[PDB]
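Each ligand, and each atom within it, is numbered from 1 in the order the structure gives. Throughout, numbering of the chain's residues begins at 1 and tracks the sequence. The figures that follow rest on heavy atoms only: side chains count, while hydrogens, waters and symmetry mates do not.
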Amino acid sequence: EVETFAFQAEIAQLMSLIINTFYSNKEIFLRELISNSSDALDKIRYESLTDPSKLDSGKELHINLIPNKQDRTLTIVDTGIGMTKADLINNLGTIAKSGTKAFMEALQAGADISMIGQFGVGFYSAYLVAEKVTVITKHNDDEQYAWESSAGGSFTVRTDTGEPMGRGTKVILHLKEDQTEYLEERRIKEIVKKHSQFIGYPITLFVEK
Ligand SMILES: N#Cc1ccccc1-n1ccnc1
């Protein structure tokens, strides 16, 4: 049972700007997703201080980076707080509306796409390098869901029948044909060292078989 939704016009406009604008410094997508993971880990850690049972779904707080050349995917996995169905369908897009408008205004005033995270909509920089994004997520208060979009104005949400995650989020980047450098170990190491060196959680870069 797959549900198809329309993006709000403003978010669809943001996605088209990310896809269509000429902008060579694409590597910042990884910093933006890792920053999102770190924020989600901060949240579950803070909540667990006053309710230890929130970690019954997993005590480990970490980030895994998993390249797969066979699938041409880069997956960013965290064990953070995860997202609810309402987050996926409405809450996060609602918040992103104001950040998008401010980001668009800043771009016309001289900012560049690398500053997208200062407006709270860094997730959408995934479309700098990905033709399709699949997000698997599990929040303590909700079921496991798969969100997916190839842009074009729509996204889908379904209950995920796959391997249970416990708690957290998996962002699966189906990379564009000319963006496979982000599957190379040395390239990912370089980018993590450059932009994510002080993240307060272990980042494990998986090796390919
Ligand atoms: N990750 C993520 C995500 C997935 C679906 C919709 C919105 C999302 N999002 C936007 C900003 N932070 C998170």
Side-chain angles (χ1 to χ4, degrees), residues 2-19 28-44 46 61-66 73-104 106 113-160 162 165-175 182 196 199 201 203:
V2 177
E3 292 177 299
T4 305
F5 305 84
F7 287 109
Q8 303 177 84
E10 297 86 352
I11 296 298
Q13 192 174 15
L14 172 68
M15 281 165 95
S16 305
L17 180 150
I18 290 166
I19 291 164
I28 61 98
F29 80 90
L30 188 60
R31 177 198 55 207
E32 296 307 327
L33 298 178
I34 290 176
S35 172
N36 283 357
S37 290
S38 176
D39 290 347
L41 287 159
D42 288 346
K43 288 190 199 143
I44 189 66
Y46 170 85
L61 301 185
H62 61 244
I63 302 168
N64 294 332
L65 309 177
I66 310 179
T73 58
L74 180 61
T75 303
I76 298 80
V77 186
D78 67 71
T79 51
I81 193 148
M83 280 156 313
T84 64
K85 189 180 192 195
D87 285 334
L88 290 177
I89 295 168
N90 198 75
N91 304 336
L92 295 173
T94 297
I95 308 300
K97 176 151 189 212
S98 62
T100 297
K101 181 205 206 282
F103 178 51
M104 299 294 213
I113 284 165
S114 78
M115 297 168 63
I116 187 171
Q118 308 185 46
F119 305 91
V121 292
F123 165 74
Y124 302 94
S125 75
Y127 290 89
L128 290 170
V129 297
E131 65 187 6
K132 183 166 84 187
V133 180
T134 308
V135 181
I136 317 297
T137 189
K138 171 79 174 61
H139 189 283
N140 280 332
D141 293 347
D142 207 345
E143 292 299 299
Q144 188 163 307
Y145 295 102
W147 176 108
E148 192 166 73
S149 182
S150 302
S154 73
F155 64 94
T156 65
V157 177
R158 58 219 163 281
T159 305
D160 182 43
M165 287 165 56
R167 191 202 56 250
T169 299
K170 283 204 245 273
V171 175
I172 307 168
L173 303 177
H174 306 263
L175 296 177
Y182 302 112
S196 308
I199 295 286
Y201 299 97
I203 302 171

Distance filter under 4.0 Å to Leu88 heavy atoms, resulting ligand 1 atoms:
4 (C), 5 (C)
Start with the C-alpha gap between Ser38 and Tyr201, add the side-chain angles, then the distance that decides, and say whether side-chain contact (heavy atoms from CB on, under 4.5 Å) holds.
CA-CA 7 Å; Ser38 176; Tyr201 299 97; 3.8 Å; yes
Are [X] and [Y] close enough that some pair of their side-chain heavy atoms sits under 4.5 Å apart?
X      : Y      : result
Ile11  : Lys97  : no
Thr169 : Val77  : no
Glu10  : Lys101 : no

Closest approach of any protein heavy atom to atom 13 (C) of ligand 1, naming residue and atom:
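Residue, atom and distance for the closest contact: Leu92 CD1, 3.8 Å.
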Considering only the protein, which heavy-atom contact is closest to atom 6 (C) of ligand 1, and what is its distance?
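So the nearest neighbour among protein heavy atoms is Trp147 NE1, 3.7 Å.
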Which option out of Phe7, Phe155, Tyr145, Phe123 puts a heavy atom nearest to atom 2 (C) of ligand 1?
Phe123
